[PDB]
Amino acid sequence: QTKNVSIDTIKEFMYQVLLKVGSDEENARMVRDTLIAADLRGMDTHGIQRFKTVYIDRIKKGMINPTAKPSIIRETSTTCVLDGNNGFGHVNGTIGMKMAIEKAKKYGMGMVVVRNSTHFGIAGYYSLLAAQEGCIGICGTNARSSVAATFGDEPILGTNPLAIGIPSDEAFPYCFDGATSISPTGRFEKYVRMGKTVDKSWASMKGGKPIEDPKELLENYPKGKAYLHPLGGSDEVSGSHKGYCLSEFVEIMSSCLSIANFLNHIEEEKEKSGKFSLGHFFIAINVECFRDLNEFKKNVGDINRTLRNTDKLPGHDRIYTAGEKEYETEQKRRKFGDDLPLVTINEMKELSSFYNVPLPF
């Protein structure tokens, strides 16, 4: 069962509750923008449906500093290292990428890395910021161990998403946004909620036995007794080594340049300090340094249009490109609202009650 709430309601509510729990006002705006962006785009695991447990409960457990802003550790013409000061990933991310964009506009390219940060929601959000300014945007984050290396029998790597935003001449930019593992953990939380079984390729119990029940992974992976597979699965034959290497790429970019916790150290240091401390990276490339922007947008569109025009495999109506599915969901939800599960509705009611933030139900 599900209840329809408008985007505006969800937007405003998130921002009021973040103020009530003592966020800096601009911080509340940055965080709710990237949270609602997840709901607008159909990443239902990364906005309101996770507002209470992943953000509010964590501010309550002192795991996030809601008034914190990043600090410049080392800055050059085209680069920067930021200490996240245990703030919102969305705060560090928004500032970091805006900063990378600013540097790209002045010099051609920009890269900003972050240490000592927290969960930053959808990777795609920061890449979208870059595409709106006529830059190619590449970004990612590490996360707590959930994914096994190739030939591994133990969670060691985060789901380590990579997002790539590229200006387009269409109504939406190209935007790849996804984990370097086949599945993220949030899809498992989702599949438990609606009581579906998961695909066999996504995860395995210790010893390599495939998982069909989403609960098995979620409970055992923090125990080091279950794990997710990289893109490419578990055999080199299907391409396992590639997703695994790409996962590591993300990890190194996220931790090695900023000196952030990596791999098993994320969870281990949370057991000591109470806080998940993570890294992020943000790259911006100024298109107009290479070619006219509209001429470039046209070329990207031409690639997309060509791709969608190729022969479709029987059984399938259409071919998509990166970010197409998200645009159509965004158009749908913008006008008709978002169908939220009952648990989320009840979480919202509870927050409304606690912080005296009015709700229309």
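Note that residue numbering begins at 1 and tracks the sequence as displayed.
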When the C-alpha temperature factors are averaged for each of 308-316 and 39-47, which stretch ends up with the higher value in the entry?
308-316
Can you tell me which stretch has the higher mean Cα B-factor, 29-37 or 320-328?
320-328
Pick out which of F88, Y244, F172, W202 has the highest C-alpha B-factor in the PDB entry.
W202
Out of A143, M97, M253, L217, whose C-alpha atom has the biggest B factor in the entry?
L217
Please place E269 in the lowest, middle or highest third of its chain by C-alpha B factor as given in the entry.
highest
Against its chain's modelled residues, does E248's Cα B factor rank lowest, middle or highest third?
lowest
Chain-relative CA temperature factor third for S240
middle
Looking at the temperature factor on the CA atom of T79, which third of the chain's modelled residues does it land in?
middle
So, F262's CA B-factor, relative to its chain, sits in which third? The middle
